[PDB]
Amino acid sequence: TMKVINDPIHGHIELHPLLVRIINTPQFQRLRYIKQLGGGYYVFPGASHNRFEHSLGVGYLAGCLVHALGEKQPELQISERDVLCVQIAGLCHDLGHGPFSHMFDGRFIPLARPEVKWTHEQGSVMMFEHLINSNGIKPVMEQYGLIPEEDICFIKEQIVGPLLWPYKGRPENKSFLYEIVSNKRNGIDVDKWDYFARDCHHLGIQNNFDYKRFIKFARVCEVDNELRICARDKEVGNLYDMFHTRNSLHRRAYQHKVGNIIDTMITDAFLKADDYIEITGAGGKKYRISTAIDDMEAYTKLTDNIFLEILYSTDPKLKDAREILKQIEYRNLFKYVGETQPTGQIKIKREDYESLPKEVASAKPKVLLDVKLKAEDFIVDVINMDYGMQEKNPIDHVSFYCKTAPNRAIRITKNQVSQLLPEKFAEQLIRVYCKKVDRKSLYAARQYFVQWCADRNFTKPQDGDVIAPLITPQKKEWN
């Protein structure tokens, strides 16, 4: 029978006993010890919430969406097997996040190990494998009608994508099932629905998307010889607003300039510790923070705990890492200098990121200042903000239906909706920080930065006239 758990977002939810078995494992329970927002807790003190609760939510929403489709449309032949696979993928979709979540795959692994291209989602597929293999889960699957050769593959495909029609877990008459946990067509998935609601509750910013409404109006229809989830035509405004909410959440919380600096400092600490910490994996082999991702027995033990392991240590070889964490505790963070954006449809390419602190340091502002600054002293953090498909409008990849022909899919273009929608769907934000924290250096960094913005024809920083009054005169265009 069912086990019931109380979640403040979703209320009392039922967990099928196979889900309980997956949950009550070291590999699942690890997620109690990884904060959803990483460094964002150090800005938003409500945001103590871990990946654990998020994962329970995704699993429950994934089952709500799949059940609702099955009730309304028996003709789809959604089996109890399908329902369970969707639920497990939801539950397990984030098992590969590392310490401070997106800090780990967004900043640490890319700087510490350029020789791999890794993502938490790959992590999740590997960790799922290890969880199943090391806890006897395969006979428990079989016991509920699942067929592991086929279903393990199905689950992994839902989490990460593929490993004509590119999937080995289900056929085209069940493609809709791939659109629930992680929707590669348009991004509209239950994962966003849970984190929207959960992050807002903890952050103290209020959610304006209604996922329940969306589920009541969803429906599977034929689109290009494949059965897909479509929304009612009238929900198009709400789907625009869903993506607008996502961007607003990034702007107010997830990319808060100080949350990002803290994530950068923790990443720096971890870089300075990577040579000297040892995590014991399979066969007693020793891994590093950056290689624990290659062995799931070691990765199991790599959580936000590592922050405190570094902070509390006495080993002299961790002094450098330790002193950075101490600077976070005392709130001697690197200083935010400002934000700018490129113009003229120009994009800053990933190759160039490492060059930008030099360019800032080589600016020649007319005003003379008490201290000169080297490239070492500047951080330039480039952030790619979008509607989750680079430059594309994701509502172009949604199918809709009308009350009068419920089985007939249609498209709806931007022009059919509103002229007050965004004109573009991707941009870049450049933040600049200084590691020298005294007033004299900060005043200098402000001059270098504003000169650099003038030199590159970037947008006038918002406080430009105030922080660099001698410099915003240079550009006639900034009257």
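Start at 1 and count along the sequence shown; that's the residue number.
Per the record, residue 402 and residue 403 are directly connected, with no deposited-sequence residue omitted between them. Once the C-alpha B-factors are averaged per stretch, 25 to 33 and 439 to 447 rank with 439 to 447 first. When the mean C-alpha temperature factors of 122 to 130 and 195 to 203 are read from the deposited coordinates, 122 to 130 comes out higher. When the C-alpha B-factors of 282, 95, 236, 382 are read from the PDB record, the largest value belongs to 282. Taking the PDB entry at face value, the top CA B factor among 275, 82, 189, 241 belongs to 275.
Split the chain's modelled residues into thirds by C-alpha temperature factor. Residue 353 is in the highest one. Per the PDB record, residue ranking by Cα B-factor puts residue 210 in the lowest third of the chain. Sort the modelled residues of the chain by CA B factor and residue 227 lands in the highest third. When the CA B factors of the chain's modelled residues are split into thirds, the value for residue 346 lands in the highest one. In the deposited entry, the Cα temperature factor of residue 135 places it in the middle third of its chain's modelled residues.
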